[PDB]
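Asks: Provided herewith is a single structure, encoded as structure tokens, for subsequent inquiry.
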Amino acid sequence: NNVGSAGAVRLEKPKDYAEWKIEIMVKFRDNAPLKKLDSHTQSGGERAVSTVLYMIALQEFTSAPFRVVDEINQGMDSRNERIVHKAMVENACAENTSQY
Amino acid sequence: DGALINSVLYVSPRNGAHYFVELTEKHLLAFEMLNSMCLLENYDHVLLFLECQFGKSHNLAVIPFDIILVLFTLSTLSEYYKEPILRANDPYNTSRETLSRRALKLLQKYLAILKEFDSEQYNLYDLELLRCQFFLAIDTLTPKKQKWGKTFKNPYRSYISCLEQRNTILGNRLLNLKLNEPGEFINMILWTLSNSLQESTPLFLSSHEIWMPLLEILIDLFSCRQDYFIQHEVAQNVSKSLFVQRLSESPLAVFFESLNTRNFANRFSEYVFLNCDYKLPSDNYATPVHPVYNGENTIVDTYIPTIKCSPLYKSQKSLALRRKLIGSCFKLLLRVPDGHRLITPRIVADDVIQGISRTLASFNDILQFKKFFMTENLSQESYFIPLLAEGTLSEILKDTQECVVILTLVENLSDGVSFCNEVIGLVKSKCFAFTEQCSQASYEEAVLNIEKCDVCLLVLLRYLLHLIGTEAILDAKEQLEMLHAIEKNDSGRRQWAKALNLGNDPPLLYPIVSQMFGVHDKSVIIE
Amino acid sequence: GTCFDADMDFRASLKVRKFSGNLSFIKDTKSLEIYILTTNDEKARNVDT
Amino acid sequence: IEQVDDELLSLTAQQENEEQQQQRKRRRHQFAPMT
Amino acid sequence: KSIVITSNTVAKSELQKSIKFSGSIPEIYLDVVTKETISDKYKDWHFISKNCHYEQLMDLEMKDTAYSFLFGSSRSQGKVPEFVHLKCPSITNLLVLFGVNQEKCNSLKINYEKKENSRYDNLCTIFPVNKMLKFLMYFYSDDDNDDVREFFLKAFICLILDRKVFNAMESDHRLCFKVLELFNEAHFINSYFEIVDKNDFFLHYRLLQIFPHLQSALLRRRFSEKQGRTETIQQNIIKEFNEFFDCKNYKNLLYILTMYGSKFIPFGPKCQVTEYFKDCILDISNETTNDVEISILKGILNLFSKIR
Amino acid sequence: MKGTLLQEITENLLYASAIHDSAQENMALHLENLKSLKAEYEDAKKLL
Amino acid sequence: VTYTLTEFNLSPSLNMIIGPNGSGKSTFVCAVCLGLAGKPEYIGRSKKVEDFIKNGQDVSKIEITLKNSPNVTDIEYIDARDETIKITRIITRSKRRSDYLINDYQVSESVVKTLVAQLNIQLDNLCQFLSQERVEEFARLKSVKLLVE
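Structure (structure tokens):
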């Protein structure tokens, strides 16, 4: 929501159980259509922000005391990095959160 | 120097540009026609308009700067991965050549026209206008701040540019816009330097068809822009401290500012020699590289790659491009006043020299080493190549021999006698001679070090001949004694050639110095 | 060819009033857009403006 | 659908007539040099 | 009863059989090549028709890059004989190494009866053009009889006109310009017209793309005043335009691209010749069922008329 | 586009393209029917 | 490296470290990671033990203290009701073995590894720990990998 984009981690379930796949909806860039995450088509900063947020989402459910991220605050366009820092601030606003 | 830097008769300097040249009626009409054709996506007739009057007339048809940017973007639409799009745009290939190839050829031909001002071949106004257009394109191609990983301003009010309403040519974003992103200029440089030596067909095609020629053109244009900036944009007389500040704003300073990283010396040394034969020291982190324009790393089904380049060809071209990058770096550095150092780029000549010497002396393949040190024009690369040669020689002597003899050969290029005396001192010290502490098992690495040493000394000797000629090789007994000491080192190496550790003969540089200035082995065969 | 001739003649026609403009034919919008730059501004506004 | 085939044949015959008409035309300008 | 797919099946099949390439060759490439029927993009003059001898050429290359003199190769002293005669003693052997077969080496001409000026690309790998030109310059040998120089000149002319060589050619024709400056320009044009047909304006346009400064000279060989009787060069150009217009050889008529820009037919709006050409083009042009060359000529003539 | 006589050209072109597409679909249908008739008449030839 | 005596305090909510790469901050983070039953080759990166050791000094020491809860077994000297777990990792040139310390008591790496396992924290798994190679691996990520995780 802070990025001003709509996205959901959907689990598409065809008739075959092994054919079930994961879809990620992308809206951070209007030009980029809704597609699976990939480095070549999308920009580096938006992809990094998306994958960092996906990591953050799978933290409260996990019982790990904390999560470690390296080479993350290195600049992503100074805009996507700013919004991911804002997301990190918002997550840190909640109490009993993992230390990064 | 030349007229390209000191011809400002027709300029009308403005706040944004000092090279600005007003348009005349014929050139205004040509600009309008070219932009009108480019609006209709009729790039074929744009190229035909430029080519049909190239070399057939005294007067010159000047390419507008925005058309130059369009050609830069067109040069990225290589056939091997954009064949369907190019065929769709031009179903009747009347020129029997790709749009990318024609645009690139026009860019290189006009760069060649610009690099020398033939006032007799072309009138001065057209040449100055062409320089202004190229400089405007370069100023529009200013790199963004380096990232680890404003829209369009038209100076001419007489016509509406084609780039005002668009940002893509044939599905490829404009080259300036793509490179005016935080981590794309360094990405492009690393991509082309890595793929210059790839054996993968798509990567090598991406480097060989798109990015090495474009990088050549961009480096040449930035060098010309740097010369013009130093000639005019600075305030001539200066307190030697404001000049450093102005140099920090120079086009090459901004060019290399996107390459500062954390430590410029070592990271730059790795960047220039990326994917070379040298062993990576201190486990440096791998540099991520990605294709610049979507599927550069794929080959479309319709295109069939039917060209093969020998490894020597690829290595030669890659090392020449690397030399051009290093030469631009040194061209920026050598203007820095002594004592002072640049503010924005944290770059020092000694640091870069030492880093390049460390990377060169770590080469395990002699072919790339020689390709780096073999240049077709000695005068062009004269201002940094001897420094790299002497530095690599010093480092090789340091690692091979515990006693590092200080080398003063660069300033000894002024006096041949001093150079020959220093060569005699090094060879008598046995540092240049083949070293006895090296074991039989490690004979191959010692041979590699010696042959690199010989290459460095040969480079310095060619530069000495370039600066003094052949006048007192025998007239001065010092040069004769230098030749006899070369023969002494010949005998020293021949000692182990007869020791028969390996059948391969060790590197002996007596025949080469004989061919250059040894007077064909002195009097061994002459008399 | 026709659009090129029309664009060039429109550019040459606007010079009478000391203007500088161009025609743009778009198939995505199926429309002809006229852009004109007069003496006062520095950006080619839409002709409707 | 036989009507589609009939329309195709009619369009093909129209193209044939048009190409014959094109083939019939010749050059009408003689290029008098004059001035 | 139904055994073939249009006429592509035989053409695609027999392009596939003579393909000289060891790879995939997807059927989409064969389909797009064999279904042109409008333009001759894929049919061109191919001097090199066999795979290059890659190993021997690389041996020549490592011998060339590093050698004793390490200096610019002079036109005299045999052009580093010591290894070039051990590898390829004669220029014909060098051409065989390049990929030219012996039959074409013996007769350096474009056989228009065998349609050698319109052949499908054989997809044969070629060795890089600059090194090939260097190896050919190693066989120049100014100090010899006229026959050897003539053979070298005609071989060079055939090589530069090759479609693969022209496409893989570098932006600057430094070596090509050196070879051209070795010979007299009129001699070069005479040999070129010995090689190609005089009405093959497609290769004329290709040559003027390689060497634009030859344009006027080439015209002085095609519409020569003395050979044109009392008629001027412009009158001969008009007559040739008339004959191509009446014969409906619209492709050869288009390759107009050769004439324009010279002293005889210049760019500009007030020229009479361009107006006559456009008047005839608008006469034939129907825009409904035409050859594409007519519309291409209309556009090109309009553009050249606008160029001042 | 109407005054320059470019609209009629596009109209004719799109009509011809639609006719071509419909004729191609009917051509595929005709191929299917022709193969069915081939099989039926081959059965008739076995009877013969 | 360049830090022979240093102390660090980490915020309960979230932590921020500011400093250029190669200045020891990444070295300090890697040392903290290796302290809790971590090895350089188990974090998806090159193994350089000598880099941690101060040039000249025999032993390099990292100490990390964590809250303790009565839900983890195989602990030395520390009671279940105790709230302190002290884990120390030392690297020395002369000795080549995996010896850790739990509340200043020498143990094999197996004990600290099973403690790390019983704290629901994993080093090999890319979700809990993210490195440059792991960042690159996430950059080009397929839906099958999402299903697998």
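Protein chains in written order, with the authors' numbering: chain H, 945 to 1044; chain A, 2 to 150, 179 to 556; chain S, 970 to 1018; chain G, 12 to 46; chain U, 156 to 410, 412 to 464; chain V, 244 to 291; chain P, 51 to 199. No residue lacks a Cβ here, since even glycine has one placed at the ideal position from N, Cα and C.
1. On the DSSP bridge assignment, give the partners of S/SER993 in chain order.
2. I need the boundaries of the alpha helix (DSSP H) containing V/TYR284, first residue and last residue.
3. Check each residue of the region 338-362 of chain A: if its Cβ is closer than 8 Å to any Cβ of chain H, include it; give the result in chain order.
4. Cβ of V/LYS289 versus every heavy atom of the ligand GTP: is any distance shorter than 7 Å?
5. In terms of alpha-carbon separation, which member of U/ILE312, U/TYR347 and U/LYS462 lies closest to U/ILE203?
6. In the DSSP assignment, find the beta strand (DSSP E) that holds U/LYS394 and state where it starts and stops.
7. Determine the contact status of A/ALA349 and A/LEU362, defining contact as a CB-CB distance below 8 Å.
8. If A/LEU276 sits next to A/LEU199, beta carbons under 8 Å apart, how far is it from one beta carbon to the other, in whole angstroms?
9. Would you say S/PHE988 reaches chain A, if we count a Cβ-Cβ gap shorter than 8 Å as a contact?
10. Would you mind working out which of P/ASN170, P/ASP174, P/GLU100 and P/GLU126 sits nearest P/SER144, comparing C-alpha positions?
11. For a minimum of 3 consecutive residues, which ranges assigned as the beta strand (DSSP E) are wholly contained in the region 144-193 of chain P?
12. Alpha carbon to alpha carbon, how far is U/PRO244 from U/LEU369?
13. Is any beta-carbon of chain U found at less than 8 Å from that of V/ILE252?
14. Check whether chain A comes within 8 Å of U/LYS205, counting only Cβ atoms and requiring the distance to be less than that.
15. DSSP three-state call for P/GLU126: helix, strand or coil?
16. Indicate whether at least one CB of chain S lies closer than 8 Å to the CB of U/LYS454.
17. Please confirm whether P/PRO90 has its beta-carbon closer than 8 Å to some beta-carbon of chain A.
18. Starting from A/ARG275, follow the alpha helix (DSSP H) in both directions and report where the run begins and ends.
19. Residues of the region 361-390 of chain A in Cβ contact with chain P at a cutoff of 9 Å, in chain order, please.
20. Step through the CB atoms of chain G and report whether any lies within less than 8 Å of the CB of V/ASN269.
21. When the cut-off is 8 Å and only beta carbons count, does A/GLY212 lie next to chain H?
22. Could you check what DSSP says for S/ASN1015 in three-state terms: helix, strand or coil?
23. Using the beta-carbon of each residue, which ones in chain U are nearer than 9 Å to G/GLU13?
24. State yes or no: is the C-beta of A/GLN544 within less than 8 Å of the C-beta of U/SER223?
25. Anyone know if the C-beta pair for A/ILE69 and A/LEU51 falls short of 8 Å?
26. Using a Cβ cut-off of 9 Å, pull out every chain G residue sitting near U/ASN458, in sequence order please.
27. Mind pulling the alpha helix (DSSP H) runs of 4 or more residues that sit fully within the region 237-283 of chain U?
28. Determine the direct distance from the alpha carbon of A/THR230 to that of U/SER179, and round the result to whole angstroms.
29. Counting C-beta neighbours from all protein chains within 10 Å, is the total for U/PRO425 16 or more, i.e. buried, or is it exposed?
30. Examine the Cβ distances between the region 235-242 of chain U and the region 277-284 of chain U and report whether three or more of them are shorter than 8 Å.
31. Rounded to a whole number of angstroms, what is the C-alpha to C-alpha distance between residue 411 of chain U and U/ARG384?
32. Is DSSP giving A/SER543 helix, strand or coil here?
33. Which chain S residues sit within Cβ distance under 9 Å of V/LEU257?
34. Taking 8 Å as the cut-off, decide whether the C-beta atoms of U/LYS196 and A/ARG97 are in contact.
35. Assuming A/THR421 contacts A/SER458 under a Cβ cut-off of 8 Å, what Cβ separation, rounded to an integer in Å, is found between them?
36. Interface residues of chain V around U/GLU169 at Cβ under 8 Å?
Replies: To lay it out plainly:
1. Working through the third sequence from its first residue, we reach residue 993 of chain S at position 24. Per DSSP, S/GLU1002.
2. If you number the sixth sequence from 1, residue 284 of chain V lands on position 41. Here the alpha helix (DSSP H) through V/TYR284 covers 250-290.
3. Answer in chain order: no residues at all.
4. Judged by which ligands are present, the structure shown has none, so any question about the ligand GTP falls away.
5. Along the fifth sequence, read from residue 1 onward, the residue named residue 203 of chain U stands at position 48. Closest option to U/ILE203, Cα to Cα, is U/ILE312.
6. Counting from one through the fifth sequence, the residue named residue 394 of chain U turns up at place 239. It is not in any beta strand (DSSP E) - U/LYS394 instead sits in the alpha helix (DSSP H) that spans 388-402.
7. Position 320 of the second sequence, counting from 1, holds the residue named residue 349 of chain A. Position 333 of the second sequence, counting from 1, holds the residue named residue 362 of chain A. The answer is no: Cβ separation not under 8 Å.
8. Here the question's residue 276 of chain A lines up with position 247 in the second sequence. Here the question's residue 199 of chain A lines up with position 170 in the second sequence. Separation of the CB atoms of A/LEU276 and A/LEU199 is rounded to 39 Å, and the pair is thereby denied contact status at 8 Å.
9. Walking along the third sequence from the start, residue 988 of chain S turns up at place 19. With 8 Å as the cut-off, S/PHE988 does not count as an interface residue toward chain A.
10. As a working mapping, residue 144 of chain P is identified with position 94 in the seventh sequence. Comparing Cα-Cα distances from P/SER144 to each of P/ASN170, P/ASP174, P/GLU100 and P/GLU126, the minimum goes to P/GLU100.
11. The DSSP assignment places 149-152 and 156-158 as complete runs of the beta strand (DSSP E) inside the region 144-193 of chain P, in order along the chain (cut-off: 3 residues).
12. For the purposes of this step, residue 244 of chain U is identified with residue 89 of the fifth sequence, where counting begins at 1. For the purposes of this step, residue 369 of chain U is identified with residue 214 of the fifth sequence, where counting begins at 1. If I take the Cα positions, the gap works out to 33 Å.
13. Position 9 of the sixth sequence, counted from the start, is the residue given in the question as residue 252 of chain V. Interface residue, yes.
14. As a first step, residue 205 of chain U must be located in the fifth sequence, where it is residue number 50. For U/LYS205, the answer is no, since every Cβ of chain A falls outside 8 Å of its Cβ.
15. On the seventh sequence, residue 126 of chain P is found 76 positions in, with the first residue counted as 1. In this structure, P/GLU126 counts as coil in the three-state DSSP scheme.
16. Position 298 of the fifth sequence, counting from 1, holds the residue named residue 454 of chain U. For U/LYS454, the nearest beta carbon of chain S is closer than 8 Å to its own beta carbon.
17. Start at 1 with the first residue of the seventh sequence, and residue 90 of chain P comes out as number 40. Output row for P/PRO90: interface = no.
18. Taking the first residue of the second sequence as 1, we reach residue 275 of chain A at position 246. 271-277 is the extent of the alpha helix (DSSP H) around A/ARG275.
19. Answer set for the region 361-390 of chain A: empty.
20. Here residue 269 of chain V refers to the residue found at position 26 when the sixth sequence is read from its first residue. It does; some Cβ of chain G falls within 8 Å.
21. If you number the second sequence from 1, residue 212 of chain A lands on position 183. It does; some Cβ of chain H falls within 8 Å.
22. Within the third sequence, residue 1015 of chain S is the residue found at index 46, counting from 1. The answer is strand: DSSP assigns S/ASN1015 an E or B state.
23. Working through the fourth sequence from its first residue, we reach residue 13 of chain G at position 2. Per Cβ cutoff of 9 Å: no residues; G/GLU13 is ~20 Å from chain U at best.
24. Mapped onto the second sequence, residue 544 of chain A falls at position 515. Mapped onto the fifth sequence, residue 223 of chain U falls at position 68. In this structure, A/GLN544 places its C-beta atom within 8 Å of the C-beta atom of U/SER223.
25. In the second sequence, counting from the first residue as 1, residue 69 of chain A sits at position 68. In the second sequence, counting from the first residue as 1, residue 51 of chain A sits at position 50. With a cutoff of 8 Å on beta-carbon distance, A/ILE69 and A/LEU51 are scored as not near each other.
26. Indexing the fifth sequence from 1 puts residue 458 of chain U at position 302. Listed along chain G, no residue sits closer than 9 Å to U/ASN458 by beta-carbon distance, the nearest being about 17 Å off.
27. The qualifying runs are 246-253 and 257-261.
28. Here the question's residue 179 of chain U lines up with position 24 in the fifth sequence. Here the question's residue 230 of chain A lines up with position 201 in the second sequence. Going from the Cα of U/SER179 to the Cα of A/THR230 covers about 14 Å.
29. Residue 425 of chain U sits at position 269 when you count from the first residue of the fifth sequence. Within a 10 Å sphere around the beta-carbon of U/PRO425 sit fewer than 16 other beta-carbons, which makes this residue exposed.
30. Flag = no, the region 235-242 of chain U and the region 277-284 of chain U do not touch.
31. In the model as presented, chain U runs from 410 straight to 412, which leaves residue 411 of chain U without coordinates.
32. Taking the first residue of the second sequence as 1, we reach residue 543 of chain A at position 514. Three-state result, A/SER543: helix.
33. As a working mapping, residue 257 of chain V is identified with position 14 in the sixth sequence. Scanning chain S for C-beta atoms nearer than 9 Å to the C-beta of V/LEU257 yields nothing, as the closest lies near 13 Å away.
34. For this step, residue 196 of chain U is matched to residue 41 along the fifth sequence. For this step, residue 97 of chain A is matched to residue 96 along the second sequence. Cβ atoms of U/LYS196 and A/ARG97: closer than 8 Å.
35. Translated into positions along the second sequence, residue 421 of chain A becomes position 392. Translated into positions along the second sequence, residue 458 of chain A becomes position 429. With a Cβ gap of about 18 Å, A/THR421 and A/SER458 do not count as contacting.
36. For this step, residue 169 of chain U is matched to residue 14 along the fifth sequence. What U/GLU169 touches in chain V: nothing, since even the nearest Cβ is about 25 Å away.
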